[PDB]
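> Generate coordinates for the sequence data below:
(5 chains)
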Amino acid sequence: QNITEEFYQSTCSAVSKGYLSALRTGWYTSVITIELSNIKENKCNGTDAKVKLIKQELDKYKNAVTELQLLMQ
Amino acid sequence: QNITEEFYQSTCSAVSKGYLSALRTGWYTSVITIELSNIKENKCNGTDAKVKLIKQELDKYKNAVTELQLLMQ
Amino acid sequence: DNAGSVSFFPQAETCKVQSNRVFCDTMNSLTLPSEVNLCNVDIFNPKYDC
Amino acid sequence: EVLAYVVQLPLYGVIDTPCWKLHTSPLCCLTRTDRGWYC
Amino acid sequence: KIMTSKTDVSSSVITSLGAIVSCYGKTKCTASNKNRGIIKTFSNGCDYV
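Numbers count the residues shown, from 1 in each chain, chains lettered A, B, ... in the order given. This is the structure:
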């Protein structure tokens, strides 16, 4: 144990001594990019023709990406 | 460029002039509702009868909704 | 302790503590003389107005 | 079977006012302490 | 409203478009550039970079 406490009755206060510091004086930036492992619709029919998981799952994404493209200006 | 800096040695301070503003003086509320596209359990048997995806997937939800219904008071 | 002087971070948000090691944000810190340390011992220390 | 939440947008009282921001540093020892944004 | 002090103090404060160097006392302040390295030492006063 490094850290200790002193109590001063003169001022009725207590100090907590024994800390080492790091004072932030600037920023370091980095540009991370990432790519989409894209799915190509597979053409053929499933058990239920009225169900296109792959298309909807992309429109779920596409439309999400679109909603973010609207926040930058 | 609009934004500039003036430096005063008299006071050892720096101004950043050239900003246009918006001061929030109230709130605008809106009541958004949304409905659940509900699934009806499909009665018949799958490869493993001990597995009821459709049921467990509703109870996963149901129970979330319930846990929220306990936060309003 | 900054170089020579003393930095004072008054909001509890801007300082993170781990173990025995503090990380503070200097964005809004105050810079005081090392003589503020004499305020803890005497409130009317004549070398600094506590 | 249906969820309803209240969104809360801000409304601005005044706009296109000129604003500014003050940083201050020791002067020797003075230190201005009215630091921040003025509008 | 000002904050006063009967002793020499030294620090810096980085502004929106630069920085402020309070160089006072026996302290040793300077301003480096990434390409050119140190391009200015500071005498006792409030300078803006």
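
> Near chain B, which residues of chain E are found?
E:15, E:16, E:17, E:18, E:20, E:22, E:45, E:46, E:48 (Cβ under 8 Å from any Cβ of the partner chain). Quick note: C-beta positions are derived from backbone N, CA and C, even for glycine.

> Enumerate every residue touching the closest residue in space to the fourth one that isn't next to it in sequence.
Pointing back at residue E:18 there. Closest residue to residue E:18 apart from its sequence neighbours, by Cβ to Cβ, 6 or more residues apart in numbering or on different chains: residue E:49 at 5.5 Å. Each residue near residue E:49 by Cβ atoms under 8 Å, 6 or more residues apart in numbering or on different chains is listed here: E:18, E:19, E:20, E:21, E:31, E:40.

> I'd guessed the second one sits against residue E:32; true?
No - taking Cβ atoms under 8 Å as the contact criterion, residue E:19 and residue E:32 are not neighbours in contact, 11.8 Å apart.

> between the two, which one's more packed in?
Per other Cβ atoms under 10 Å in any protein chain shown, whichever of residue E:19 and residue E:32 has more neighbours is residue E:19, with 16 against 10.

> returning to that earlier point: can you tell me which two in the residues of chain E next to chain B are farthest apart?
Within the residues of chain E next to chain B, E:16 and E:45 form the most distant pair, 21.5 Å apart (Cβ to Cβ).

> Nearest residue to the middle of chain C?
Of all residues in chain C, the one closest to the mean position by Cα atoms, centre = their mean is residue C:8, 3.1 Å from it.

> hang on, the earlier thing: biggest separation within the contacts of residue E:49, which pair?
So, the contacts of residue E:49 by Cβ to Cβ: farthest apart are E:20 and E:40, at 13.7 Å.

> When these two are compared, which one has more neighbours?
residue E:20 (21 against 13).

> Name all residues that make contact with the residue nearest to that one when sequence neighbours are not counted.
In space, and not counting its chain neighbours, residue E:20 is closest to residue D:25: 4.2 Å by Cβ to Cβ, 6+ apart. Residues in contact with residue D:25 (Cβ under 8 Å, 6+ apart) are B:12, B:13, D:31, E:11, E:12, E:13, E:20, E:21, E:22, E:46.

> Return the residues in contact with the closest residue to residue D:3 other than its chain neighbours.
Spatial nearest neighbour of residue D:3, excluding adjacent residues (Cβ to Cβ, 6+ apart): residue B:34 at 5.4 Å. Contact analysis of residue B:34 by Cβ under 8 Å, 6+ apart lists D:2, D:3, D:4.
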